[PDB]
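Here's the structure we're looking at; comments come further down.
Residue numbers (the authors' numbering), protein chains in the order written: chain B, 191 to 258; chain D, 191 to 258; chain J, 1 to 154, 171 to 201; chain K, 1 to 154, 171 to 201; chain C, 19 to 82; chain A, 19 to 83; chain F, 0 to 25, 34 to 287; chain G, 0 to 24, 34 to 289; chain E, 0 to 25, 34 to 287; chain H, 0 to 26, 35 to 291.
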């Protein structure tokens with residue numbers, strides 16, 4: 191037993207504890223990544239709207255004012 | 191005897207290989223996350239610049255056409 | 001007979017819990033009546049009612065064995081309708097009941113009068129309905145026994177026990193109970 | 001000479017590498033001169049020059065022992081300044097050299113005449129500059145050995177060898193050399 | 019022996035846990051790649067927006 | 019007997035690897051938190067600019083017509 | 000009631016005012040004002056959780072914007088109407104999203120069409136329990152995404168298409184898609200570790216046609232790059248093949264159970280393994 | 000550098016100028041006055057005072073309100089709320105509520121949801137009114153769910169469920185926990201987490217009566233098979249067996265053994281103590 | 000149904016009428040309408056899977072739009088034409104992308120010229136099998152990025168440049184770049200963990216020139232970065248140096264195989280080790 | 000072409016043209040053209056690798072924008088000039104960044120001022136090694152970030168300033184900072200796991216003052232945070248405390264050596280442990 195048994199048990203238990211902590215960390219990380227993905231998705235649309243609005247407005251107003 | 195003996199010698203190498211693979215995955219993930227962080231910083235700067243210029247121009251046209 | 005929506009509750013007091021019956025409010029029924037309780041289309045069970053001075057109207061209380069047999073959850077909705085038993089064709093003459101100790105605390109090898117116990121059964125359980133597979137508790141000289149209905153003789173699925181019915185006991189497998197009496201086989 | 005910048009190159013041939021004399025270009029100097037190669041501000045090592053055809057002028061070729069002693073890498077910048085010996089104090093009378101096997105493959109238990117090799121040493125590098133701490137190779141009969149200068153007796173750090181050098185050799189650090197003769201201690 | 023049986027069971031649990039962690043890591047990597055592509059698109063759109071707006075100010079200020 | 023010693027060495031190497039992985043995980047978590055805050059800060063800017071542009075456009079249009 | 004009743008009352012009032020103004024106009036400012044109040048009424052409906060009326064109002068505003076010479080606003084109103092209708096009756100949601108997709112693709116924007124096609128396919132699969140049209144929509148979305156060199160989205164859509172097609176007994180298409188994705192993802196240093204999965208699935212499909220195809224394909228895949236020869240999955244494949252060669256089903260069941268014990272199986276894998284077992 | 004004295008003096012000068020400008024009241037006067045109010049508020053926020061900044065922002069918001077502009081009033085109200093965040097909670101609540109009222113009129117639902125979550129954090133961190141926190145979280149969850157943002161409408165529901173479990177309303181917590189577990193089960197990414205919620209549901213059941221816990225555990229194992237091979241299900245089975253014979257030593261032994269490998273937060277320990285005291289008797 | 004018959008017919012009709020309208024102009036509204044029609048026709052052709060027509064239409068629109076004072080739109084059309092042409096004939100894509108890059112840099116926007124250079128480099132390497140111009144483009148992009156303190160992207164570009172330069176037997180450049188990147192990454196909280204790898208690579212290059220240089224460089228990097236003294240790579244380097252010091256190829260191969268077993272070597276490492284072993 | 004000579008010559012000619020054009024103008036409408044030509048000259052210089060002239064041109068453009076009634080453009084030109092000068096003349100970079108910070112904070116925007124303050128502190132620490140000014144700038148940035156409800160950035164800045172303060176033998180200041188962050192990290196779902204580390208560092212600072220303050224602080228953290236008890240750092244601290252009490256320098260050295268062998272330490276930890284070692288050795 192002696193060193194053999196003591197190393198066996200202690201190292202095994204410590205390894206298991208560390209593995210469990212890693213498990214928890216990764217679950218939380220994945221949830222955070224999901225939420226951020228949805229925020230990015232919502233930003234994209236509001237950027238496209240603004241692009242179309244500005245382009246159309248500038249074009250039309252320029253034409254109208256030059257014609258006047 | 192040698193049954194349970196060869197078992198550990200083959201229950202250890204699997205763990206070694208899996209752990210090394212996890213190591214490589216995490217290194218690549220960290221590099222990617224850093225690059226995305228810098229991209230986000232640039233996007234924020236551009237957004238703030240654009241919003242402030244838009245406000246200036248809109249207020250300018252508003253007062254200019256108010257005084258006509 | 002038409003059926004109403006009633007709610008399962010916890011049986012009041014221990015004595016009513018050892019007195020096998022579904023407990024109801026004094027405003028609706030009395031004791032000795034027969035009802036069928038439906039929790040789903042495919043499993044319905046017949047019970048006899050008893051009134052208690054604590055039952056809240058709109059609920060029916062059951063003891064632990066009845067809930068463990070019928071698979072009922074406290075607070076779940078069930079339907080109960082009065083049921084009318086024939087007496088000319090379903091009357092039980094003799095039954096087979098498997099018996100064992102209810103409380104593991106004190107197993108013993110002493111002899112138990114299976115005859116006297118059977119008579120006490122009639123004393124306590126006369127005029128109550130029993131079905132195959134139903135589980136119950138039996139109080140005999142301050143001892144708790146678990147009983148399981150094995151067979152019924154007039171074969172009938174449900175019947176009304178009469179005063180002169182005879183009960184036979186047989187030790188459950190993997191038990192040290194030494195039974196000695198007429199109620200054996 | 002003045003300390004101009006040179007570059008270390010590879011020994012042109014094996015024979016010149018074994019000669020223990022730094023190969024140089026025929027256009028720059030004449031054989032027999034000495035140069036205290038200056039690398040770091042606190043690192044200068046004395047080497048003797050010998051010309052050989054080929055080699056591009058402006059570089060100095062060294063054998064593996066020289067590069068491993070002075071710690072030079074091919075392509076590195078070095079300073080070459082000429083050196084003058086002080087015959088009144090630098091003249092080497094005796095020198096102490098530690099000897100050991102160079103190649104573990106050729107280990108053998110045969111006897112080694114310590115005196116017979118000594119004369120060959122004189123025959124080889126007579127009149128050539130040697131410095132304390134220098135490492136070199138020794139070509140005994142079909143034997144490649146590693147030599148390390150530990151001490152010099154007329171103590172000086174650098175001197176010019178002569179023909180009266182009775183170098184006593186002694187094995188060290190688990191060496192298997194079977195040494196015979198009177199040229200030991 | 020029997021304590022080595024405990025240890026064999028321990029190794030088995032370790033192996034299962036590491037496999038699960040590996041799957042989670044792989045999925046996270048894929049998710050990050052997709053997000054990176056979306057970030058690229060947003061950045062590309064932004065610049066256009068900025069320039070198109072500054073042109074308008076200039077032309078209409080020259081007009082006024 | 020001496021091949022068991024190898025087990026000990028393997029176990030020590032595994033433990034070191036696990037510690038390194040844990041530290042990497044901590045750093046990744048912190049970085050993700052900061053990035054999330056930045057994304058939140060950007061959403062609001064986008065909203066405000068969109069609103070302002072729309073309003074001003076309607077204003078110009080009506081004014082003219 | 001409380002908020003619900005008053006919000007309903009104001010919504011009906013706004014609808015009545017809109018009808019009054021449209022019948023009055025039958034100018035341009037009248038139509039603009041009517042569309043504005045239509046939108047406000049729809050928003051007020053959404054507060055009280057009455058989705059049908061919200062969709063009706065949004066579609067009416069979309070039509071009003073259509074008759075007037077404006078398009079993007081019509082697209083926005085149509086897509087919002089579809090999203091609102093996603094609760095009660097999916098058919099109208101499909102119709103509205105189709106109109107929005109047509110309008111968007113006309114102008115030359117191909118990113119948003121992919122999103123709307125994906126949403127339509129999700130509705131089709133989840134509510135109408137029909138998979139052919141899901142396949143069509145996913146393929147269209149994959150094509151649009153790949154058009155702009157956004158590879159990852161194309162890969163995701165094609166993986167879904169391949170899974171559904173393989174479920175429906177059309178194997179060759181699934182094999183082609185799996186080969187393409189597996190070989191493409193192998194090169195990239197990031198996704199290198201997942202490729203071993205895709206090849207595995209391809210092999211299973213080959214094994215549903217005939218054993219010899221499975222053996223040849225396994226050999227070819229192992230040749231294509233050696234990491235796939237890791238004992239983990241290739242061992243299982245070889246054992247399954249050998250068990251099927253000698254008409255021994257007990258060994259097959261034992262091997263599958265042993266692999267299952269260490270790691271649970273998914274419905275897809277269990278179904279495919281059951282078919283392979285049966286044919287034996 | 001300049002110290003709060005000079006900044007406060009300049010802020011007071013700006014406030015006096017704005018007040019006199021509004022006194023002689034036209035559009036130019038009011039616009040200039042609101043501009044001065046904004047500048048003074050910024051200077052105050054630089055001065056580290058936190059109440060005069062709120063007052064300035066609120067006055068500017070009221071001026072923008074009386075003039076026919078809305079968006080600007082909302083922005084000034086939210087800024088005033090952020091300023092009061094540290095000065096006085098109740099004024100912050102009022103300002104944020106008015107901002108949400110203005111926002112929700114024009115259909116900007118997500119912003120209203122965020123502001124609701126902020127009012128809720130206020131009510132739960134400094135004030136002790138949990139009921140209002142539950143109401144606000146429910147409203148935010150509904151607003152998010154209305155836009156198909158399922159991924160951000162599941163945090164508010166979990167917080168609501170936890171607070172309702174603390175209050176002893178167990179049916180609501182059970183319903184929410186099950187629903188969320190069933191929703192997350194299907195998605196491949198979130199699957200690994202689902203195991204938690206089901207466990208947390210069973211405990212709630214076990215608070216009412218043991219038999220309900222037995223039946224619920226059976227139902228969840230049938231519905232979802234991986235649950236049957238985790239460690240939480242082992243502990244549940246062990247406790248349900250142990251507490252059927254009034255044997256508290258086994259109960260505490262199992263709890264301590266589980267605690268050793270992994271520590272338990274406050275919620276779990278409170279629930280376990282409730283269960284032991286109530287039922288094990 | 001998305002058949003290309005009607006799509007092609009419409010596209011050709013639009014192109015023909017645009018050519019007619021532009022031809023009649025022997034004031035500038037004709038150019039504007041013609042350019043808009045050209046853009047619509049290009050999008051139509053792109054829908055039709057015919058990419059060459061899309062490229063031609065886009066380039067014509069770009070030319071016509073650049074004819075006017077407006078230039079910010081020529082850039083955009085040119086980049087779009089390049090994306091389109093990236094399928095059939097890469098040579099034109101290079102020309103268009105370069106004409107774009109030129110305008111962008113002239114305007115003062117440097118961050119969005121590096122991206123186009125990276126794209127051109129990818130085209131060159133993947134299809135034209137030429138590496139000198141790839142190196143040139145990567146170097147230029149790295150310079151532009153490092154101008155704007157975007158260190159990470161500059162590091163990635165320099166890594167690719169160093170890899171190819173080492174591939175082409177220009178060792179000195181590779182070693183300089185690798186040591187620069189290693190030292191820079193050593194001083195960071197996150198990248199720290201990867202910092203070992205680069206050093207290992209550098210050591211290998213030092214080996215190709217001469218063994219002793221490699222020995223001294225390993226000593227230097229171990230002293231500079233103590234955590235490097237325990238990693239696997241340093242141990243492997245020590246063993247290979249000792250094996251190569253005594254004309255012992257056997258132990259060299261044994262160590263290489265032992266290190267291969269745990270982790271699979273890439274093409275780069277295996278080719279470099281093969282060169283080293285071919286030396287002796 | 001890539002030729003630098005032609006590009007620089009063109010830049011010089013264009014800059015001279017702009018100079019003479021503005022000088023003629025001085026003899035508003037033309038000032039705009041002067042600004043645009045200055046910006047083009049600056050960009051050309053930047054592409055010509057002559058960073059000094061690029062910074063100078065940007066500064067001139069900013070000055071031209073200031074006299075005209077525009078500010079935001081002046082701020083943008085100042086920040087560009089600072090980024091350009093960063094490589095050659097750090098002092099002018101700091102000057103330009105400070106002016107831009109003043110303008111920005113005057114206009115109302117705050118976070119941008121925090122970013123520029125962080126940049127100024129970074130340049131101070133990397134080039135002129137003036138630690139006190141770096142501490143001042145970091146504290147100002149943290150104040151702004153915390154005033155705008157952004158917590159993570161404020162925490163990062165506070166950690167940096169605390170590290171330098173401990174470096175400069177101002178122990179008390181560092182300790183409070185660490186404790187604050189620790190409590191915050193205790194009340195979070197994610198950061199919880201790292202929260203021990205901060206506590207550990209705080210303990211070491213106490214040990215520098217007195218060993219009994221350190222023991223009491225360890226007890227306080229133990230009762231406040233029980234998870235801290237299992238971790239290695241608590242065991243190491245208790246063993247070191249005992250060894251210091253008993254005066255057996257050898258046990259302290261051996262224990263620290265073993266802990267180092269298991270894992271390496273940063274310069275900060277090694278120097279702090281060395282200071283404690285030197286303190287204890289005098290006792291023996």
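No residue lacks a Cβ here, since even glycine has one placed at the ideal position from N, Cα and C.
Contact list for residue i against chain D, beta-carbon separation under 9 Å
i                      : result
residue 200 of chain F : 211, 214 and 215
Assigned exposure category for residue i - 16 Cβ within 10 Å defines buried
i                      : result
residue 87 of chain E  : buried
residue 95 of chain K  : buried
residue 226 of chain F : exposed
residue 50 of chain E  : buried
residue 85 of chain J  : exposed
Chain-ordered chain F contacts of residue i [CB-CB under 8 Å]
i                     : result
residue 83 of chain C : An answer regarding residue 83 of chain C cannot be provided, because it is not within the stretch 19 to 82 covered by chain C.
Beta-ladder partner(s) of residue i, from DSSP
i                      : result
residue 191 of chain F : Paired residue(s): none; residue 191 of chain F is not in a bridge.
residue 111 of chain J : J:194
residue 91 of chain K  : K:176
residue 6 of chain K   : K:78
residue 148 of chain K : K:98 and K:135
residue 60 of chain J  : J:8
Proximal chain G residues relative to residue i, where beta-carbon distance stays under 7 Å
i                     : result
residue 69 of chain A : 79
Contacts of residue i in chain F (Cβ-Cβ under 7 Å)
i                     : result
residue 51 of chain C : 159 and 197
Inter-stretch contact (C-beta, 8 Å, three-pair minimum) for the segment 218-230 of chain B and the segment 96-116 of chain F: no
Residues from the segment 111-122 of chain F in contact with chain G, defined by Cβ distance under 7 Å: none
Cβ-based contacts, 7 Å cut-off: residues of the segment 220-241 of chain B near chain H: none
The segment 181-193 of chain E contacting the segment 151-169 of chain E, beta-carbon criterion three pairs below 8 Å: yes
Any 3 or more C-beta pairs closer than 8 Å across the segment 209-220 of chain B and the segment 34-46 of chain C: yes
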